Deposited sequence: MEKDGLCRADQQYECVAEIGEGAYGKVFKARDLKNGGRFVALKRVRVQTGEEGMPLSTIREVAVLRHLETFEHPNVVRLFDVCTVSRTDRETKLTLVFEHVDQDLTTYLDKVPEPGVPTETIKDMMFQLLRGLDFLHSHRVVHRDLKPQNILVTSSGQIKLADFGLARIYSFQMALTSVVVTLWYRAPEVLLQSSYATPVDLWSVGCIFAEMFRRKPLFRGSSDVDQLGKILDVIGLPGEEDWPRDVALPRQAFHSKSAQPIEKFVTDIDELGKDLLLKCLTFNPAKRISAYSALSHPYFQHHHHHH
């Protein structure tokens, strides 16, 4: 094959490797090796590539079980936070990274792709500080799961803005905001902070009823340095109700990004 594995990046639900692209100057690429639904998902990927959005990982090739060649990025958001000098991330650097993050999200929503598992472990940061979304559009941590996914009720795009707020926060905290040991625990951790939602905000026909939990806390506690504009925006990303939750397109126009 034209490529040559030099290491593994990680494994999960598939397998991703770091390699050399021998035909293109020995640059680093990323190889993943994984039925119409599959053909379908790849058709979308190939399609999304055409637009070449700066805030999503480039697709270089699809080898004919199935190998997908993407670009390689030196690090993810997680190692960027581990290795970040004290006492954190420059307010301005957060404001910028979030924007780039929201850009690719709107780009993905606008084409009706839902990431479904957006966590800092697949948010890639390049040499220049360019955010690039990885690990999407193909078939451990619930800390970034949205309430409705936890309740197993709605699976639409509002899911990924819940994750955005969770990441937004962590960019201040440098530690995950809600660390739960399981789906019920997780759901608890969330409601301890945002407060019990209105009774009509609980989706119907879900095994978990509103009565199985027990008041809202102020946000500046768990997240310090956050401005009013950060606060307000962050609150509309973590609205319990997916219909009341903000959207990427709507987020891009928040006063916070002025």
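- Residues 1-10, 24, 46-54, 85-92, 168-180, 256-257, 302-307 of the deposited sequence, counted from 1, carry no C-alpha coordinates in the model.
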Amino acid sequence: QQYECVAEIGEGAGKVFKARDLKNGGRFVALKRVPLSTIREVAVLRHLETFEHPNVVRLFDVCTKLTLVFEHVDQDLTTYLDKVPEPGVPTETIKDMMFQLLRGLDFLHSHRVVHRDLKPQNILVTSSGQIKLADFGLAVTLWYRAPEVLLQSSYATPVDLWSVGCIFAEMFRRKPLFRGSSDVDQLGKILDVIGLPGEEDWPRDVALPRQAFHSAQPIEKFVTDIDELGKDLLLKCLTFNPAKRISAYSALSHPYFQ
From here on, numbers count along this sequence of modelled residues.
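The term rigid core refers to the maximal set of C-alpha atoms that superpose within 1.5 Å between the two forms.
- Superposition on the core shows that, in 9 other deposited structures of this protein, the C-alpha atoms drift more in one of 68-76 and 90-98; this is 68-76.
- For the pair 23-31 and 195-203, rigid core superposition yields a higher RMS C-alpha distance in 9 other deposited structures of this protein in 23-31.
- The records show that residue 55 is included in the coordinate set of every other eligible entry of this protein, so it is not omitted in a third of them.
- Residue-level annotation: residue 224 has coordinates in all of the other entries compared, counting only those that model residues on either side of it, so it never reaches the one-third mark.
- The stretch 79-87 shows the higher mean C-alpha B-factor when 79-87 is compared against 108-116 in the entry.
- The mean Cα B-factor in the deposited entry runs higher for 224-232 than for the other of 48-56 and 224-232.
- Among all modelled residues in this chain, the alpha-carbon of residue 138 has a temperature factor (C-alpha) in the highest third.
- Ranked by C-alpha B-factor against the other modelled residues of its chain, residue 30 falls in the lowest third.
- Sorting the modelled residues of the chain by their CA temperature factor places residue 178 in the middle third.
- Sorting the modelled residues of the chain by their CA temperature factor places residue 237 in the lowest third.
- Sort the modelled residues of the chain by CA B factor and residue 248 lands in the lowest third.
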